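K.L.:
Line by line, the protein sequences are chains A and B. Quick note: the first sequence uses the working numbering, first residue 1, plus one each step. Quick note: the second sequence uses the working numbering, first residue 1001, plus one each step. Cβ coordinates follow ideal geometry from the N, Cα and C atoms, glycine included.
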Amino acid sequence: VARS
Amino acid sequence: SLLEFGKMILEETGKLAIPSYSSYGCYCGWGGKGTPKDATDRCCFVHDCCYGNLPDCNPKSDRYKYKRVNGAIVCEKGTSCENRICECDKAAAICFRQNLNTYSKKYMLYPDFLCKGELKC
C-alpha cells in the first residue's frame, strides 16, 4: 500500500 | 515485490505475511507515524525507511531474485533498484525472525489513532  | 517479500517472511518465520505482519503496530503493512510498539514494529519502521532511501524504485511490484546458501539469504544481481529492494526485504525478514520472541498478537489490526507523531529515519 503506502510508505512501505 | 510485495508478494516475494511475503514469501520471504513466511520462509523465515513460519507466519503468513497476511495477516501476521500486514497490519501490525504502527508501521507494519501501512507505515507512517507514531512510536513503534515493539521490536517487530521497529523492523517495519526501518523497512519503511529502507524503501524511503529508494524514491526512484518501485518495491511493491519490482521483482528481485535471491537464493538460500545454507539458511542465509543471498540477493542475486538484478537492476540496481532490485538489488537494493532485496537488501531491504532481507533485513526485515531477518529482523522479524530475530524478534519472534516478543511478537504480540495484540498489535495485529492496531488502530491508527494510537500512532501519533513523526519519528525521523
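Check the Cβ-Cβ distances between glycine 1032 of chain B and every residue of chain A, and say whether any is below 8 Å.
P.N.:
By this cut-off, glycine 1032 of chain B is an interface position.
K.L.:
Buried or exposed, going by whether 16 or more other CB atoms sit within 10 Å of the CB of residue 986 of chain B?
P.N.:
Past the boundaries of the shown model lies residue 986 of chain B; chain B is included only from 1001 to 1121, so the question cannot be answered.
K.L.:
When you compare the CB of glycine 1052 of chain B with every CB in chain A, is at least one pair closer than 8 Å?
P.N.:
yes
K.L.:
Do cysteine 1057 of chain B and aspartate 1041 of chain B have their CB atoms nearer than 8 Å?
P.N.:
no
K.L.:
Nearest to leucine 1054 of chain B by alpha carbon, out of B:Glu1087, B:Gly1014, B:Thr1102 and B:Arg1097?
P.N.:
B:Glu1087
K.L.:
Return the Cβ separation of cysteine 1095 of chain B and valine 1046 of chain B in integer angstroms, given the expectation that the two are a contact with Cβ distance under 8 Å.
P.N.:
With 8 Å as the limit, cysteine 1095 of chain B and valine 1046 of chain B qualify as a contact, their Cβ atoms being about 7 Å apart.
K.L.:
Using a Cβ-Cβ distance cut-off of 8 Å, determine whether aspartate 1048 of chain B contacts chain A.
P.N.:
yes
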